[PDB]
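The chain below stands alone and is given as structure tokens, in the form solved without the ligand.
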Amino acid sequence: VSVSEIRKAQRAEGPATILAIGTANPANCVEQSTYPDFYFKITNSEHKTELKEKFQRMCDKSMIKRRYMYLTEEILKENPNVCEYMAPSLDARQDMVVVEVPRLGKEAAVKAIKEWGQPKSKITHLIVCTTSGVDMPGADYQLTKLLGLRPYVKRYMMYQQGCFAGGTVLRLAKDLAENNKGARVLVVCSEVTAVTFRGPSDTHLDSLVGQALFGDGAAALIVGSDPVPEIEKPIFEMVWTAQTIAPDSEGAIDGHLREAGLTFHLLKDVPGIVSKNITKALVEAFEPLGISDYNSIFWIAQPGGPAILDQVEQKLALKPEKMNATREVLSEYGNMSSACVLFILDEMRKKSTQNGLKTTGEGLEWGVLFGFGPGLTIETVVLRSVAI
């Protein structure tokens, strides 16, 4: 037996391609304008006037209009441990997300598979990503069973990833789809803030920031190489990827899973770091492609907060429209962690065709997607849009 004959016949040919995108959010829509009142009451911190005023500023500055949360008043009222700033509550939080993450991922995935239109039995690989809760067998196993995938589907369970991992699942899916002939990868990012939600502390203002920014949601993709013409419908193509750790960012975003759930720490100037290091990432990605005009490409950026977005824009002299799709998702859903970047892809291609532009990438050919999160990590994915 010839291992080269086998290798040649085992591998796919063309670029890994996004063929379907579905999203899903929990039912409870929480308005940002009334959140400080709701938050401070349900965490019984109504007497912390100064702190609440700080939170009100934070919410107002967030550029977030609303968020969807699995956590409701009824559920919060049955879990006083969760409403405290730091009480033993991991078991209760786990019990919530081990079920909700896959539950939410399934609605997103079913929509994705529906759009794709091909038999779910053709899905050969599955990537599942969450930063909320962990279990064995994991949420990949629960998703295989809930959706009816084949039991030999090849699974990649990405846990406790945090906010750069929309970029990470794309990076992963690229190699899966491109190295295996026939492979169709179902990618699901599902994030539920039930593990990070906690009461305010005036000595933990970074944790408070998290309470104003993070929201719940799940997005799913179908990725594969060599799409069947006029059967499958390419949306975006992946061409090149990178991942790096910004210099002088130790501790920028830390997260520790403890008996009191998932804590969140912000120990540097994330928007500063991100914007100081973004040009380097862009030249690494686009110089080999001969492009240096960063307004000539379409943009997708992980909206940790609005500040990141404004400083990147300011820094590069991006026209304001570049970040539109990113800012529309931040406005209607808040920072959905790893899934955010997939919602933005969906928003972008839908406005693009609804507005009758020539490509899925706002009428432009080449585009870039960035994931930002713990490390401080910068994930880059280079994309090419599709006609119509």
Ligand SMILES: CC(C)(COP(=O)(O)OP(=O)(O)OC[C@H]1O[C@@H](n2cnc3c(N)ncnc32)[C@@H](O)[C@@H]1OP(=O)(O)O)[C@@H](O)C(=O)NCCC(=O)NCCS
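We number the residues from 1 along the sequence you see.
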| query | finding |
| --- | --- |
| Comparing 260 to 268 with 178 to 186, the one whose average Cα B-factor in the PDB entry is higher | 260 to 268 |
| Mean C-alpha B-factor comparison - 335 to 343 and 31 to 39, higher one | 31 to 39 |
| Where the record places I245 (Cα B-factor, split into thirds across the chain) | lowest |
| Chain-wide C-alpha B factor ranking for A20, given as lowest, middle or highest third | lowest |
| CA B-factor ranking of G361, expressed as a third of its chain | lowest |
| For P119, the third of its chain into which the C-alpha B factor falls | middle |
| Where the record places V386 (Cα B-factor, split into thirds across the chain) | middle |
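Just so it is clear, the following notes concern the form solved in complex with the ligand, a form of the same protein that is not shown.
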| property | result |
| --- | --- |
| Shown-form site status with respect to the ligand as positioned in the bound PDB entry after superposition (2.4 Å backbone/C-beta criterion, 3+ atoms) | open |
| Exercise: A87 in contact with the ligand in the bound PDB entry, heavy atom 4.5 Å | no |
| Non-hydrogen atom contact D175 with the ligand in the bound PDB entry at 4.5 angstroms | no |
| Close approach of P306 to the ligand in the bound PDB entry, 4.5 Å, heavy atom | yes |
| Exercise: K61 in contact with the ligand in the bound PDB entry, heavy atom 4.5 Å | yes |
| Position in contact with the ligand when the complex is considered in the bound PDB entry, options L282, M96, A183, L213, heavy atoms within 4.5 Å | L213 |
| In the bound PDB entry, the residue from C83, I297, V312, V209 that sits within 4.5 Å of the ligand by heavy atoms | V209 |
| Partner-proximal stretch of 268 to 276, 149 to 157, 235 to 243, 110 to 118 relative to the ligand in the bound PDB entry, 4.5 angstroms, heavy atom | 268 to 276 |
| Neighbours of the ligand in the bound PDB entry among 149 to 168 [non-hydrogen atom within 4.5 angstroms] | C163 |
